[PDB]
Amino acid sequence: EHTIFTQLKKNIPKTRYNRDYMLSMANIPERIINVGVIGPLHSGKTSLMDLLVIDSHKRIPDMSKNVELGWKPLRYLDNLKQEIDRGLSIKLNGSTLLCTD
Amino acid sequence: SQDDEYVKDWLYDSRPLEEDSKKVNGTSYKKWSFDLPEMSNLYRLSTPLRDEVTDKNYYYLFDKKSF
Amino acid sequence: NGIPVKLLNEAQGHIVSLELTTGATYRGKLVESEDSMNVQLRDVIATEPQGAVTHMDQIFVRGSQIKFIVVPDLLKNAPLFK
Amino acid sequence: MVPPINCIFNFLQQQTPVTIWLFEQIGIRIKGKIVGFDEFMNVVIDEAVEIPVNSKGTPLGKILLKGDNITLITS
Amino acid sequence: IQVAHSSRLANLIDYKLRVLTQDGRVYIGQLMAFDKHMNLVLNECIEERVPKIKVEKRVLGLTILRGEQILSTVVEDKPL
Amino acid sequence: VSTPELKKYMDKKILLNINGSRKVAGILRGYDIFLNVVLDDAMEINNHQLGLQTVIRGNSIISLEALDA
RNA sequence: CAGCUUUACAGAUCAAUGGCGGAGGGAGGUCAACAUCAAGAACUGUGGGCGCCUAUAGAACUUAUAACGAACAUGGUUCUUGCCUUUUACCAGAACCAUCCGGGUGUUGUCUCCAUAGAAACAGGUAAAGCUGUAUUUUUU
Ligand SMILES: Nc1nc2c(ncn2[C@@H]2O[C@H](COP(=O)(O)OP(=O)(O)OP(=O)(O)O)[C@@H](O)[C@H]2O)c(=O)[nH]1
Ligand SMILES: [Mg+2]
């Protein structure tokens, strides 16, 4: 176990699309955009990322009830214990998302 | 019976809403679900005791964590 | 919008085959597609209707001439349908 | 860059030696000079000539040819 | 061969469909997607030409058939 | 409305397959939404040139192949 | 406004067949009993390949300024301090732990107040609900 946390498991939250397809897609360039979302302090960029991820995946474990409802933001991309408790995105916790245009 | 037009009838009751089957769970009195304007009324009435600080920043170096 | 044309443009990048009204098949990486199937390929083998294969670097095609397009087994999976 | 509409406007003002090939047709060509232009590819051609293909100068005059069956133009 | 007395084409989607073509071939397979211009996406498309004797046969898999070069559609078999 | 992206092939020689097994070599000058190829005329299929500057109709196009890389 | 699909009608032949059937209540309760809620962010079943790996269904509740409670006590043990000096009783910190006031769901059952139907479609029509529809270069003139 550990405090400064991630998933550490076989059962990663299942995606709407299938990750096999995603990886297949990632075979060729001209079809892999590296976004690297950027901005000031509390732009909402991490929240935007979270929105995208949630949109993508079926049910996440960490997506508790309240966050689902939309009281708290499911800050899905501040995995570090600190990055939670401090209220800041601090390191690069991006995601690979088969995104539909 | 104008500003306080909705709550006035029931605000002073033993159980605020014994029936009012829409607004509460029932007589067990477990859950509630008000409409907007009555909530507004409640808010206005609560001006003396209400939290009355929206700027969440305000508790800076005054949170439980800080303590 | 055309849900088969949707699939075509989603199929860009894969090694796709293509036969026209002329009967001359093709096979290579797709590059570009539009509403009217204005197809482009790379690394395309160009077999004539007799069977005479001619390897070439690229090709552009007009949609009116296209007959059918062999898509891989990956587009069977996701994500256009549901 | 030159769209076909602008290149045919050059062929319109010039009226220079045009040679036309025809749609769904290899047996015959045309030789004249562009005189008209429609919003469709319809173009009237004066001094046009029917020219069978090099597998002679056969008779033909001024023609409004329906332009949806065009292949080549070159003034 | 059996099929329901269907109203339109989209209602019988994902059915094994014999699809004629103007060049002489017939493409047989379960249809995934249709169009306003009759472009078709057969899940398990199978290329069957009629050479000048007996049927020519070839397997394709997932393929787009352009609508203009279709003659007609016929139901060959059921789903699954 | 969808403009065929020939700006990759602009000002380059192209082997245009056209109706009746006919070929057209020639450097590209421009185009339109119908794919009508405005091109500098070259030798037509041993081999012989007809015209100086040509405009091929889109309906008559079978294909157009990258001669130049 | 047209097509299709769904419902309330009137009578139908009632074949065809479906499907809602070997059709059987709801709302509640200061009402119980049972399960269960701090854990590699975390749960459970199912198959298969050898206690485990591998695909599959599922997952209420409670949470990320971490917690069943937007709330707040108490008791014990030790360790540290203070008042003191003899203990209870205590001061207020720690680490451990427990008790207690409560809470959540889920399932059963009861208690109550209301109820209380064993058959409706097809051919259409009537009316209402869910989608689509209103040639001159790449789809069909
Ligand atoms: N009112 C309002 N507040 C928002 C909105 N989006 C985000 N916020 C608030 O501002 C914060 C910005 O989003 P976060 O994702 O938490 O911050 P961040 O983008 O991670 O900022 P960095 O840590 O600098 O990347 C959130 O914690 C929210 O409280 C919005 O749309 N409206
Ligand atoms: Mg003594």
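Cα centroid separation, the stretch C:9-82 to the stretch E:1-73: 18 Å. In a Debye calculation with equal point scatterers on the alpha-carbon sites of chain A and no solvent, what is log10 I(q)/I(0) at q = 0.16, 0.25 Å⁻¹? With one equal scatterer per Cα and no solvent, log10 I(q)/I(0) is -0.80, -1.55.
Around the amide H of D:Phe23, modelled in the peptide plane, lie the amide H atoms of D:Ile70, D:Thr71, all under 5 Å away and 5 or more residues distant in sequence or on another chain.
Remark: for residue pairs B:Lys31/B:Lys56; A:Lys58/E:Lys16; D:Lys31/D:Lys62, the C-alpha separation exceeds 20 Å in B:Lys31/B:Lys56; A:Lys58/E:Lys16.
Simple rule: put +1 on each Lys or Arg Cβ and -1 on each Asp or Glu Cβ in chain D, find the dipole, and look at D:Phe23, D:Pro3, D:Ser55; the Cα lying farthest toward the positive end is D:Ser55. As an exercise, use a Förster radius of 45 Å and the Cβ-Cβ distance of B:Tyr58 and E:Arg58 to find the FRET efficiency, rounded to the nearest 0.05. The value I calculate is 0.05. Under a 5 Å amide H cut-off, with hydrogens placed 1.01 Å from N, B:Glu18 pairs with nothing among residues at least 5 apart or on other chains. For trypsin sites (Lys or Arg not before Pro), the sites in the stretch A:24-101 that DSSP calls loop and that have at most 13 other Cβ atoms within 10 Å are A:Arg31, A:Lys58, A:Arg59, A:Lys91. Placing dummy labels 7 Å off each Cα toward the beta-carbon, the span from F:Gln49 to A:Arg59 is 7.3 nm.
Taking θ as phi - 60° and the Karplus parameters 6.51, -1.76 and 1.60, the scalar couplings of the stretch E:18-24 work out to 6, 10, 5, 9, 4, 6, x Hz in sequence order, x denoting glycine and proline.
Averaging the sequence gap over all C-alpha pairs within less than 8 Å and six or more residues apart, then dividing by the number of residues, gives chain B a relative contact order of 21 percent.
Percent relative contact order of the stretch D:1-52, based on C-alpha pairs within less than 8 angstrom and at least six residues apart? Write down the numbers at each step before the final one.
Numbers: 75 pairs, mean separation 15.4, N = 52.
Relative CO of the stretch D:1-52 lands at 30 percent.
For the protein assembly as shown, the dipole from Cβ point charges (+1 on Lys and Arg, -1 on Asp and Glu) about the Cα centre works out to 1300 debye, to the nearest 20.
Under 14 Å from a point placed 7 Å out from the Cα of C:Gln50 along the Cα-to-Cβ direction: which residues of the stretch F:17-33 have their backbone N that close? Only F:21 fall inside the zone, counting backbone N under 14 Å. Applying a DSSP loop filter and a limit of 13 other Cβ atoms within 10 Å to the GluC sites (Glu not before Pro) in the stretch B:1-43 leaves B:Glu5, B:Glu18, B:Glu19.
Loop-resident GluC sites (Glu not before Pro) (DSSP state other than H, G, I, E or B) in the stretch A:28-100 with no more than 16 further Cβ atoms inside 10 Å of their Cβ: A:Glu30. Put simply, the amide H of C:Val44, placed in the peptide plane, has neighbours under 5 Å in C:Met56, C:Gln58, leaving out anything fewer than 5 places away on its chain.
What you get for chain E, charging only the Cβ of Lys and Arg (+1) and of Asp and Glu (-1), is a dipole of about 180 debye around the Cα centre. Rounded to the nearest whole Hz, the Karplus-based 3J(HN,Hα) values (6.51 cos²θ - 1.76 cosθ + 1.60, θ = phi - 60°) of the stretch A:27-38 follow the sequence 4, 10, x, 6, 8, 8, 8, 9, 7, x, 5, 9, with x at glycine and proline. For the pair A:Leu69 and A:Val35, label points projected 7 Å from Cα toward Cβ lie 2.7 nm apart.
Peptides E:17-27, C:43-53 ranked from most to least packed by the mean count of surrounding Cβ atoms within 10 Å: E:17-27, C:43-53.
In debye, nearest 20, what is the charge dipole magnitude of chain C about its Cα centre with +1 on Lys and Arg Cβ and -1 on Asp and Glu Cβ, if you could check?
The calculated dipole for chain C is roughly 220 debye.
Given 20 °C and 1.002 mPa s, how large is the Stokes-Einstein diffusion coefficient of chain F in µm²/s, with Rh as the Kirkwood radius over Cα pairs? Rounded to a whole number, D works out at 178 µm²/s. Rounded to the nearest 0.05, the FRET efficiency derived from the C-beta distance between B:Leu45 and B:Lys22 at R0 = 25 Å is 0.75. Extending 7 Å from the Cα toward the beta-carbon at both E:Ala4 and A:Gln7 defines two label points whose distance is 3.9 nm. Remark: the stretch E:71-80, residue by residue, has Karplus-estimated 3J(HN,Hα) of 8, 6, 10, 9, 7, 8, 7, 7, x, 6 Hz, where x stands for each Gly or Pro and the curve is 6.51 cos²θ - 1.76 cosθ + 1.60 at θ = phi - 60°.
FYI, it's all coordinate maths here, none of it is from the lab. A quick note on method: Cβ atoms are made from the backbone with ideal geometry, for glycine too, and the neighbour counts reach across all protein chains shown.
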